[PDB]
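Below is one structure, written out as C-alpha cells, with a few remarks after it.
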Amino acid sequence: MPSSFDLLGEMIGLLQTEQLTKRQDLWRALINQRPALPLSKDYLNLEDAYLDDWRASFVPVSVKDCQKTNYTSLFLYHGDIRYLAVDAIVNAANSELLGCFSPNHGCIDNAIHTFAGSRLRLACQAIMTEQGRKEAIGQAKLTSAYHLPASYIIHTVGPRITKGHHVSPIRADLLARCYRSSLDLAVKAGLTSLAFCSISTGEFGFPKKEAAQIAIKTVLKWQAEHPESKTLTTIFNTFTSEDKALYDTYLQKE
Ligand SMILES: Nc1ncnc2c1ncn2[C@@H]1O[C@H](COP(=O)(O)OP(=O)(O)OC[C@H]2O[C@H](O)[C@H](O)[C@@H]2O)[C@@H](O)[C@H]1O
Ligand SMILES: [Zn+2]
Numbered sequence: 001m002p003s004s005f006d007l008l009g010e011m012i013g014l015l016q017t018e019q032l033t034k035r036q037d038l039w040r041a042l043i044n045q046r047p048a049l050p051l052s053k054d055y056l057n058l059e060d061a062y063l064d065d066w067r068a069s070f071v072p073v074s075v076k077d078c079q080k081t082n083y084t085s086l087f088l089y090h091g092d093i094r095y096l097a098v099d100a101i102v103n104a105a106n107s108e109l110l111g112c113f114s115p116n117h118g119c120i121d122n123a124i125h126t127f128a129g130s131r132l133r134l135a136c137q138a139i140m141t142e143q144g145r146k147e148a149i150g151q152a153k154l155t156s157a158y159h160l161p162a163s164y165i166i167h168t169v170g171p172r173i174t175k176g177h178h179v180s181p182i183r184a185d186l187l188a189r190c191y192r193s194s195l196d197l198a199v200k201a202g203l204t205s206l207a208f209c210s211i212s213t214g215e216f217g218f219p220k221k222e223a224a225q226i227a228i229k230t231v232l233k234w235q236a237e238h239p240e241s242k243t244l245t246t247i248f249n250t251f252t253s254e255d256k257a258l259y260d261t262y263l264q265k266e
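Take the sequence shown: its letters are residues 1 to 19, 32 to 266, numbered as in the entry's author numbering.
Structure, rendered in C-alpha cells:
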C-alpha cells in the first residue's frame, strides 16, 4: 500500500538489513548483487507492487509500432527491451542462467532480471538445479517474463570473442546457433513475435558488424528453411547507435 518512492525505500531497508543516489539505482544494486537464495514473502510483495506501478507508468511499444524493413516479417526496434510488448524477448544470458550480479550493470540480462523481478532469478535457479549443469552456448530456454510487457523470455548464451581476435567460421556459427535455437523454440511455443537483442556484442565482445551480418543471415536462412513458420514476426532490437546504423544499412538499403 506504500507509494513507489516509499516502496523503494522499504525494499532497500529489507535488502540492506538482510545479509548511486537515485533510490531506484540503490535498490537495483542491492537486488542485482543478492545471491540466488530464497526471498521473504514480504520482500516479494513490495517488489511486486513496485513493478506493477512501473508497468502502469508507460504504454508498451507494440509490434505494430516497430519499423518495417525490406524483408517480410523482420522489423526493427531501437529502444529498451523492457518496454516491448512481444510474445518473447531473447535474453543474452550467461551459462548459469541466474542473471547479472554486477550492480547496475548496463547489460540486457541485468535490465531484464531487475524489471521482470526476483521471481525470474528464483525460477532460473530451480530450472538450472533440475538440469544439474550449466547451459551450453547457443541453446534456448523459455521462462515467463513476469512483470515485463513481453509474455516470455528466451534465454540463450552466446559465444565470447577474446579481445583482439576475429570471428572464425566456428565462432560465427556458435552465435548463429543462438538465433536458430531461439527461433525453433518460439515456433514450438506457438509464439507469433520474437525480439532479439544484439547477442554477444556487449560484455562478450563480439564485433557488432559481423554479429549483425550473422543475425540477419541466420534469421533469413531460417525463414527460407522453415516455411511452416511464416506466422512469425522477428524484431531486431538495437540499443546502441552503432547497432542502429548497421541494422539500417543491411535491412533498409534503398
Ligand atoms: N535494456 C536493453 N534493451 C536492449 N538491448 C540492451 C539493453 N541493455 C543492453 N542492451 C544490449 O544488449 C546487447 C548484448 O550485450 P550484453 O547484454 O552485454 O550481452 P552479451 O551477450 O555481450 O554478454 C552477456 C554477459 O553479460 C551479462 O552481464 C550477462 O549476464 C552475461 O554474463 C548489446 O547490444 C547491448 O547494447
Ligand atoms: Zn551484466
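Beta carbons are placed, not taken as given, at the ideal position from N, Cα and C, and that holds for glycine.
For residue 259, the uninterrupted alpha helix (DSSP H) run begins and ends at 253-263, by DSSP. In this structure, residue 186 sits away from residue 238, with a CB-CB distance that is not shorter than 9 Å. A distance criterion of 8 Å places the beta-carbon of residue 215 in contact range of ligand 1, judged by its closest non-hydrogen atom.
Residues 166, 168, 193, 194 and 197 of the same chain have their beta carbon placed closer than 6 Å to that of residue 152, with the five preceding and five following residues left out of the count. Residue 88 is a Cβ neighbour of residue 248, given a cutoff of 9 Å.
Closer than 8 Å to some heavy atom of ligand 2: that describes the Cβ of residue 112. Using a 10 angstroms sphere on the CB of residue 130, the tally of other CB atoms reaches 16 or more, which defines it as buried. Residue 176 is classed as exposed because its beta carbon has fewer than 16 other beta carbons within 10 Å across all chains shown.
Residue 168 carries a strand assignment under DSSP once its states are collapsed to helix, strand and coil. Where residue 116 is concerned, there is no enclosing alpha helix (DSSP H), because DSSP gives it neither an H nor an E.
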